[PDB]
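Enquirer: Structure provided below as structure tokens; questions to follow.
Basis: the model, the stated rules and, where named, an outside source; nothing here is a laboratory result. With ideal geometry, Cβ positions are generated from the backbone for all residues, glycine too; neighbour counts draw on all protein chains shown.
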Amino acid sequence: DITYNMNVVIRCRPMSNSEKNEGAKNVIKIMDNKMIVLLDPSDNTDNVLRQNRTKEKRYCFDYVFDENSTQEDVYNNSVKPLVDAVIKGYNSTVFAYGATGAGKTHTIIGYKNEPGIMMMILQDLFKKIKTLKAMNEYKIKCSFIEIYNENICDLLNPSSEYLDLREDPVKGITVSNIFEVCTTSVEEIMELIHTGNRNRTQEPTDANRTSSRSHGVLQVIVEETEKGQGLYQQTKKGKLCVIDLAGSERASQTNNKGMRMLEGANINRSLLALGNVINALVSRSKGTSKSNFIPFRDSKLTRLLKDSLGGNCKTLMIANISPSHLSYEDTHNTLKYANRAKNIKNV
Amino acid sequence: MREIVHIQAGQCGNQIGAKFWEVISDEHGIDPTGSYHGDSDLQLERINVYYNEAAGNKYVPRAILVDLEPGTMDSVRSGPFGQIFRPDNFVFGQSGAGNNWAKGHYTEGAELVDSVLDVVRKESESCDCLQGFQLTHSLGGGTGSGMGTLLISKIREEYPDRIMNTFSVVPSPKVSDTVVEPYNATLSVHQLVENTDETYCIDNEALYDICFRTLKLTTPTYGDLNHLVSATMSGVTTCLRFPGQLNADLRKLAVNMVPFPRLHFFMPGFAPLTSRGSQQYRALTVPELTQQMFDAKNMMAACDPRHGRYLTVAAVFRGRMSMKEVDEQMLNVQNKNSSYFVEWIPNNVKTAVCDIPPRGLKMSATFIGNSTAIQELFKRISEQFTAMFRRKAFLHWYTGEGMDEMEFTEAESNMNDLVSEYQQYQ
Ligand SMILES: Nc1nc2c(ncn2[C@@H]2O[C@H](COP(=O)(O)CP(=O)(O)OP(=O)(O)O)[C@@H](O)[C@H]2O)c(=O)[nH]1
Ligand SMILES: Nc1nc2c(ncn2[C@@H]2O[C@H](COP(=O)(O)OP(=O)(O)OP(=O)(O)O)[C@@H](O)[C@H]2O)c(=O)[nH]1
Ligand SMILES: [Mg+2]
Ligand SMILES: [Mg+2]
């Protein structure tokens with residue numbers, strides 16, 4: 001019963017001083033909340049090009065955030081309802097996406113500095129939960145893992161090294177040997193995660209000093225019971241999952257290091273697997289004739305996220321792009337992926 | 001350049017490997033001593049793909065022989081061609097696995113495996129540019145299945161960018177040789193799903209059918225059956241060993257035949273296949289070969305291609321042939337049998353041609369098909385597993401080797417998912 005719901009939003013970073021100094025032109029314009037236009041900077045020297053006007057490349061979103069949008073604005077207008085879904089006993093999932101160097105980590109997760117929407121996600125989670133806790137005891141557990149070359153690192157507790165995925169009785173997915181910290185405040189989980197970021201595999205690549213080589217996956221479980229512990233309870237374990245997708249890579253022209261080529265390929269493969277999983281879930285949600293298996297099997301990322309992705313859950317794709325023509329190609333591909341993540345012709 | 005590493009695990013696997021080696025040595029003009037006594041310079045040009053050159057003008061298979069029992073090793077060493085193998089490349093245990101995947105994967109096999117790993121690392125170091133690995137084994141027993149799988153996992157961890165090929169002899173439906181075969185197959189198939197890039201599904205029942213119906217052979221022995229498998233194996237890698245007009249190696253084949261990561265289970269085939277009597281009343285021509293190869297009754301997997309669709313098919317031709325004729329024949333087969341080919345992958349056929357034919361024949365062909373009918377093989381196995389597992393039959397033995405029920409649950413789930421995926425893409 002796939003009733004998959006995914007909102008797709010995107011954050012346009014403000015043009016940086018470096019981009020301005022390098023002569024960057026504004027390829028990105030927002031026409032509406034629903035749409036973004038990427039002005040492909042063609043010379044248009046031919047009559048055909050002048051007639052076709054391929055410059056106006058449109059992409060479909062639920063909410064395009066402009067250059068002035070902050071972490072608080074992205075939170076307030078996108079993930080806010082996903083947090084509510086978890087509070088109410090459903091799962092939800094947030095995916096950060098874009099070419100490496102796009103600022104995905106800072107917009108969404110942070111790293112001590114730049115709290116990201118993750119801080120905002122937890123901040124409202126805990127205020128609402130602490131209030132609800134008066135009647136229904138809550139245990140907000142938190143795990144943080146790394147999906148790298150299809151192996152899973154325990155980021156909160158690296159002594160478990162690289163782990164597999166297993167099916168639960170009633171076939172949900174568990175990562176073996178993962179540390180789960182029961183918390184009461186955003187300060188605890190946020191610091192826990194940011195500390196966990198220290199154990200992530202990252203490298204100083206040409207496109208990004210801190211390029212993630214892996215998908216950073218947060219799993220916050222809002223476990224609840226009526227405080228009447230001696231009674232039979234239909235408890236809930238809603239999972240608020242946030243994924244820092246590994247940045248897309250086409251930097252292999254210079255990243256000729258054996259491991260970077262391996263990592264690059266596995267990253268791109270699994271980003272595409274996510275894409276295919278999303279396309280399948282959307283098609284089933286739409287109720288198209290494509291009755292078949294959702295290919296969660298194609299990656300560890302999707303196998304694990306299956307538990308939220310195939311049900312009555314709220315998900316969100318948050319992409320990161322630049323207005324500069326100097327990175328037109330990266331913005332183009334980032335927008336293309338996101339457009340395909342949504343698959344709705346409203347634009 | 002482009003060296004392949006060969007691994008043989010468990011009795012059946014070893015036996016098949018022996019046959020494979022025998023054929024290939026003959027092909028490259030290598031005698032039982034390791035000396036080249038061939039005529040053609042083409043036989044030695046790419047000798048390094050399968051052989052290391054030892055001191056004093058001798059050649060030695062880049063082969064590792066693995067078993068939990070020593071008897072098999074002895075049998076191999078005493079065989080015709082037994083002396084060609086490097087003595088240090090025999091890695092054997094003393095206990096055996098007793099048809100228990102857990103013994104092979106977790107216990108005895110675990111103890112064994114480090115030696116094997118050490119050997120294969122050395123073998124990798126020796127070779128200038130190893131393209132990848134070929135493992136010959138079965139899924140139904142303990143060693144080839146459990147130990148083999150373990151070995152594969154280890155290999156992939158150290159060589160994640162290299163090509164991983166398995167020739168897996170699968171349990172047939174009717175001819176069930178053992179009682180726990182369903183368990184062993186299920187457990188091993190799961191592991192194969194994640195760690196092999198291409199898996200050649202070979203089935204004993206189908207082989208028997210070929211031997212009885214097509215070769216009209218009075219008494220098939222395992223050796224005869226093995227020969228067929230060996231031929232098929234030789235076919236795939238002919239492009240690495242000889243020149244040609246259109247050349248396709250292990251990687252090229254995989255990329256053309258595997259559209260989705262998990263769907264890498266092939267039904268292989270070989271042609272021509274005739275009796276002694278029916279040799280005279282036949283045309284040695286490409287149309288006939290083509291006709292033979294695409295027939296359902298010429299498949300070495302016990303699956304009806306007419307019960308599914310071909311996702312992709314690779315044909316590898318050996319001998320002096322006109323490209324146009326080859327192309328015509330392949331187009332004709334897809335046009336005439338439209339209903340057996342998925343319609344959303346135009347030109348479902350990949351062709352490769354090597355100028356050097358196998359010995360005794362002027363023309364030969366090898367077929368590799370990715371057919372949605374392979375689901376039948378998985379489905380039956382799944383069913384049998386369910387039948388056992390529902391009553392927890394024979395579970396205790398496995399659990400005594402450290403295995404947990406949950407693994408079984410996982411594997412079964414995985415296989416089911418795989419089956420579903422095949423069905424949907426049909
Ligand atoms: N096609 C062939 N199949 C074989 C051959 N020998 C055995 N088999 C098949 O394989 C299965 C028996 O497998 P094995 O003897 O290889 C089990 P192995 O020695 O690997 O582990 P143990 O459980 O430790 O014996 C069964 O289905 C046989 O019918 C052979 O030469 N050719
Ligand atoms: N006209 C002509 N076409 C050929 C010949 N050999 C191959 N082809 C065509 O070339 C295409 C296949 O490309 P190849 O040149 O074999 O491949 P390649 O350039 O070696 O690339 P890779 O092998 O993939 O690295 C097909 O369209 C063949 O029909 C030839 O001798 N003459
Ligand atoms: Mg044996
Ligand atoms: Mg070529």
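Enquirer: The conditions are (1) more than 30 Å from B:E45 (Cβ to Cβ); (2) touching a strand residue (DSSP E or B) at 6+ places or on another chain (Cβ under 8 Å), and B:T218 fails exactly one of them. Which is it?
Expert: With respect to (1) more than 30 Å from B:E45 (Cβ to Cβ); (2) touching a strand residue (DSSP E or B) at 6+ places or on another chain (Cβ under 8 Å), B:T218 is out only on (2).
Enquirer: Also: Just name the residue that is farthest from the chain's Cα centre (by Cα) out of those in the range A:287-320 that are more than 10 Å from chain B (Cβ to nearest Cβ) and without any contact (Cβ under 8 Å) to a residue 12 or more places away in the chain.
Expert: Step by step, filter the range A:287-320, then rank; the result is A:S289.
Enquirer: Go through the range B:127-145 residue by residue and tally those that are more than 8 Å from ligand 1 (Cβ to nearest atom) and either away from every other protein chain (no Cβ under 14 Å) or under 18 Å from B:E198 (Cβ atoms) (or both).
Expert: Here the count works out to 10.
Enquirer: Across the range B:242-285, what is the total count of residues that are within 16 Å of ligand 2 (Cβ to nearest atom), within 20 Å of the chain's Cα centre (by Cα) and away from every other protein chain (no Cβ under 14 Å)?
Expert: Adding up the residues that qualify gives 8.
Enquirer: Inspect the range B:233-253 for any residue being in contact with a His (Cβ under 8 Å, 6 or more places away or on another chain) and outside the structural domain of B:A296 (by CATH) and give the result as yes or no.
Expert: The answer is yes, given that some residue of the range B:233-253 is in contact with a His (Cβ under 8 Å, 6 or more places away or on another chain) and outside the structural domain of B:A296 (by CATH).
Enquirer: Here's another thing I want to ask about it. Can you find even one residue in the range B:225-237 that is polar (S, T, N, Q), within 16 Å of the chain's Cα centre (by Cα) and within 16 Å of ligand 3 (Cβ to nearest atom)?
Expert: yes
Residue-by-condition table, conditions (1) within 16 Å of ligand 1 (Cβ to nearest atom); (2) closer than 15 Å to B:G10 by Cβ; (3) among the aromatic types (F, W, Y):
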| residue | (1), (2), (3) |
| --- | --- |
| B:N52 | no, no, no |
| B:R62 | no, no, no |
| B:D67 | yes, yes, no |
| B:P70 | yes, yes, no |
| B:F81 | yes, no, yes |
| B:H105 | yes, yes, no |
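Enquirer: Looking at B:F394, B:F367, can you tell me which residue is closer than 30 Å to B:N247 by Cβ and away from chain A (no Cβ under 14 Å)?
Expert: Matching residue, one of B:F394, B:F367: B:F367.
Enquirer: What residue, among those in the range B:402-424 that are in contact (Cβ under 8 Å) with a residue 60 or more places away in the chain and within 24 Å of the chain's Cα centre (by Cα), is nearest to the other protein chains (Cβ to nearest Cβ)?
Expert: B:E421
Enquirer: Restricting the search to the range A:59-113, which residues are in a strand (DSSP E or B) and within 30 Å of A:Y138 (Cα to Cα)?
Expert: Residues satisfying the conditions are A:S92, A:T93, A:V94, A:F95, A:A96, A:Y111, A:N113.
Enquirer: Select from the range A:112-159 the residues that are of a type in the set (S, T, Y) and over 19 Å from A:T183 (Cα atoms) and list them in ascending order.
Expert: Residues satisfying the conditions are A:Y148, A:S159.
Enquirer: Restricting to strands (runs of 3 or more DSSP E) lying wholly in the range A:123-221: which have 3 or more residues that are hydrophobic (A, V, I, L, M, F, W, C), in contact with a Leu (Cβ under 9 Å, 6 or more places away or on another chain) and more than 14 Å from every other protein chain (Cβ to nearest Cβ)?
Expert: Hits in the range A:123-221: A:136-148.
Enquirer: What tally of residues in the range B:370-391 results from selecting those that are more than 14 Å from every other protein chain (Cβ to nearest Cβ) and touching a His at 6+ places or on another chain (Cβ under 9 Å)?
Expert: The number of residues fulfilling the criteria is 4.
Enquirer: Taking the options A:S42, A:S18, name whichever one is more than 30 Å from A:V83 (Cβ to Cβ) and in a loop (DSSP other than H, G, I, E, B).
Expert: One residue alone meets the criteria, A:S42.
Enquirer: Here's another thing I want to ask about it. Out of (1) among the small types (G, A, S); (2) in contact (Cβ under 8 Å) with a residue 40 or more places away in the chain; (3) away from ligand 1 (no atom under 12 Å from the Cβ), the odd one out for B:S115 is which?
Expert: (2)
Enquirer: With respect to A:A280, determine if the residue is of a type outside the set (V, I, T) and within 14 Å of another protein chain (Cβ to nearest Cβ).
Expert: yes
Enquirer: If you don't mind, there's one more thing I want to ask. So B:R262 passes all but one of these: (1) within 16 Å of ligand 3 (Cβ to nearest atom); (2) assigned to a loop (DSSP other than H, G, I, E, B). Which condition number does it fail?
Expert: (1)
Enquirer: Pairs please, first residue from the range A:249-263 and within 13 Å of chain B (Cβ to nearest Cβ), second anywhere and of a type in the set (S, T, N, Q) and loosely packed, with under 14 Cβ neighbours inside 10 Å, Cβ atoms under 8 Å, 6+ apart in sequence or on different chains.
Expert: Between residues of the range A:249-263 that are within 13 Å of chain B (Cβ to nearest Cβ) and residues that are of a type in the set (S, T, N, Q) and loosely packed, with under 14 Cβ neighbours inside 10 Å, the close pairs are A:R260/A:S252; A:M261/A:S252.
Enquirer: Please indicate, with yes or no, whether at least one residue in the range B:313-336 is more than 16 Å from ligand 1 (Cβ to nearest atom), within 14 Å of chain A (Cβ to nearest Cβ) and not polar (S, T, N, Q).
Expert: Scanning the range B:313-336 turns up no residue that is more than 16 Å from ligand 1 (Cβ to nearest atom), within 14 Å of chain A (Cβ to nearest Cβ) and not polar (S, T, N, Q).
Enquirer: Next question, about the same structure. Before we move on, is B:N14 away from ligand 3 (no atom under 14 Å from the Cβ) and polar (S, T, N, Q)?
Expert: Against the criterion (away from ligand 3 (no atom under 14 Å from the Cβ) and polar (S, T, N, Q)), B:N14 does not qualify.
Enquirer: Out of the residues in the range B:73-112 that are touching a helix residue (DSSP H, G or I) at 6+ places or on another chain (Cβ under 6 Å) and among the aliphatic types (A, V, I, L, M), state the one that is nearest to B:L150 (Cα to Cα).
Expert: Ranking the qualifying residues of the range B:73-112, first place goes to B:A102.
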